[PDB]
*Asks:* 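Once you've had a glance at the structure underneath, I'll fire off some questions.
Nothing fancy with the numbering, it's 1 onward along the sequence. Values below: all heavy atoms of this structure, side chains included; hydrogens, waters and symmetry mates excluded.
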Amino acid sequence: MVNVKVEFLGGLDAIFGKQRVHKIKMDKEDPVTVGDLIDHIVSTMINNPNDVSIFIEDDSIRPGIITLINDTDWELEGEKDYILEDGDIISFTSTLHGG
Ligand SMILES: [Mg+2]
Ligand SMILES: [Mg+2]
């Protein structure tokens, strides 16, 4: 079981009922990855399926969204492969600069 927070920034809150910060309890036994977290967000937290394409394209984070893991570019942590620890904070920012 792992507890993390996710932040939906650069306007992404619009697909999450205008709520920017979400507390997430991942019930899965360790290890739980950022890939698992994204699956969870898509499966349970996007309340209009028409908005899923705003968050993911071809089952990957949508081009134009920057993902930071504890204030760090997720590339430096293995991206989807990063293993969540209790208290981690993951933010997603929509921006024209995003990759
Ligand atoms: Mg710091
Ligand atoms: Mg550490």
Side-chain angles (χ1 to χ4, degrees):
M1 188 288 142
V2 67
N3 296 284
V4 301
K5 288 189 186 178
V6 293
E7 307 174 319
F8 299 116
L9 311 175
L12 283 172
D13 69 80
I15 71 170
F16 298 101
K18 301 183 292 185
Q19 184 184 326
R20 301 175 75 87
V21 183
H22 299 242
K23 291 176 72 177
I24 292 171
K25 174 186 178 77
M26 299 288 295
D27 274 319
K28 187 177 174 171
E29 279 293 283
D30 286 342
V32 185
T33 63
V34 168
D36 294 334
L37 177 64
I38 292 164
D39 285 347
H40 169 87
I41 295 167
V42 172
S43 291
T44 71
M45 291 171 65
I46 304 174
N47 296 326
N48 187 331
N50 290 298
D51 294 339
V52 172
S53 59
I54 300 170
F55 192 64
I56 56 157
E57 178 203 60
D58 184 47
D59 221 58
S60 295
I61 286 297
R62 189 206 85 210
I65 294 171
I66 296 172
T67 305
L68 305 181
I69 297 167
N70 295 320
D71 304 327
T72 306
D73 283 304
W74 75 330
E75 290 88 348
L76 304 179
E77 301 295 349
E79 305 185 12
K80 264 189 163 153
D81 300 346
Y82 174 75
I83 297 173
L84 299 174
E85 297 191 330
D86 268 345
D88 281 349
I89 303 172
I90 301 85
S91 68
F92 300 98
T93 303
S94 181
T95 165
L96 66 86
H97 296 281

*Asks:* Find the distance between CH2 (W74) and OG (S91) and round it off to the nearest 0.5 Å.
*Replies:* 11.5 Å

*Asks:* Taking all non-hydrogen atoms of both residues, which atom of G99 and which atom of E75 are closest, and how far apart?
*Replies:*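 So the minimum-distance heavy-atom pair works out to O-OE2, 4.4 Å.
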
*Asks:* Taking only residues two or more places apart in sequence or in another chain, which ones pass side-chain contact (heavy atoms from CB on, under 4.5 Å) with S53?
*Replies:* none

*Asks:* Only pairs under 3.5 Å count here: list side-chain donor-acceptor contacts from residues 2-19, not counting sequence neighbours, and write none if there are none.
*Replies:*
{"unit_1": "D13", "atom_1": "OD2", "unit_2": "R20", "atom_2": "NH1", "d": "3.4"}
{"unit_1": "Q19", "atom_1": "NE2", "unit_2": "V21", "atom_2": "O", "d": "2.8"}

*Asks:* Looking at side-chain heavy atoms only, is the closest gap between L76 and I69 below 4.5 Å?
*Replies:* no

*Asks:* Can you measure from CG (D73) to CD1 (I66) and round to the nearest 0.5 angstrom?
*Replies:* 7.0 Å

*Asks:* Run the side chain to side chain contact (heavy atoms under 4.5 Å, CB included) test on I61 and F55 for me, step by step, so that the C-alpha distance in whole Å, both residues' side-chain angles and the decisive distance to 0.1 Å come before the verdict.
*Replies:* CA-CA 6 Å; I61 286 297; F55 192 64; 3.8 Å; yes

*Asks:* Between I90 and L68, is any pair of side-chain heavy atoms under 4.5 Å apart?
*Replies:* no

*Asks:* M1 and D86: which non-hydrogen atoms are nearest, and at how many Å?
*Replies:*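 Answer, listing the atom of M1 first, then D86: O-OD1, 4.0 Å.
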
*Asks:* Among all residues two or more places apart in sequence or in another chain, which pass the side-chain contact (heavy atoms from CB on, under 4.5 Å) test with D58?
*Replies:* none

*Asks:* Apart from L96 itself, which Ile, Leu, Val, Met, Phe, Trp or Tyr residues share its cluster (side-chain heavy atoms under 4.5 Å, direct or through members)?
*Replies:*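 Answer for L96: none, a lone residue.
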
*Asks:* Side chains of residues 34-49: which donor-acceptor pairs under 3.5 Å do they make with residues two or more places apart or in other chains?
*Replies:*
{"unit_1": "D36", "atom_1": "OD1", "unit_2": "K28", "atom_2": "NZ", "d": "3.3"}
{"unit_1": "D36", "atom_1": "OD2", "unit_2": "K28", "atom_2": "NZ", "d": "2.9"}
{"unit_1": "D36", "atom_1": "OD2", "unit_2": "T33", "atom_2": "N", "d": "3.0"}
{"unit_1": "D36", "atom_1": "OD2", "unit_2": "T33", "atom_2": "OG1", "d": "3.4"}
{"unit_1": "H40", "atom_1": "NE2", "unit_2": "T44", "atom_2": "OG1", "d": "3.4"}
{"unit_1": "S43", "atom_1": "OG", "unit_2": "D39", "atom_2": "O", "d": "3.0"}
{"unit_1": "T44", "atom_1": "OG1", "unit_2": "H40", "atom_2": "O", "d": "2.7"}
{"unit_1": "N48", "atom_1": "OD1", "unit_2": "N50", "atom_2": "N", "d": "2.9"}
{"unit_1": "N48", "atom_1": "OD1", "unit_2": "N50", "atom_2": "ND2", "d": "3.1"}

*Asks:* Please set out all donor-acceptor pairs under 3.5 angstrom arising from side-chain atoms of residues 78-85, sequence neighbours excluded.
*Replies:*
{"unit_1": "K80", "atom_1": "NZ", "unit_2": "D59", "atom_2": "O", "d": "2.9"}
{"unit_1": "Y82", "atom_1": "OH", "unit_2": "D88", "atom_2": "OD2", "d": "2.7"}

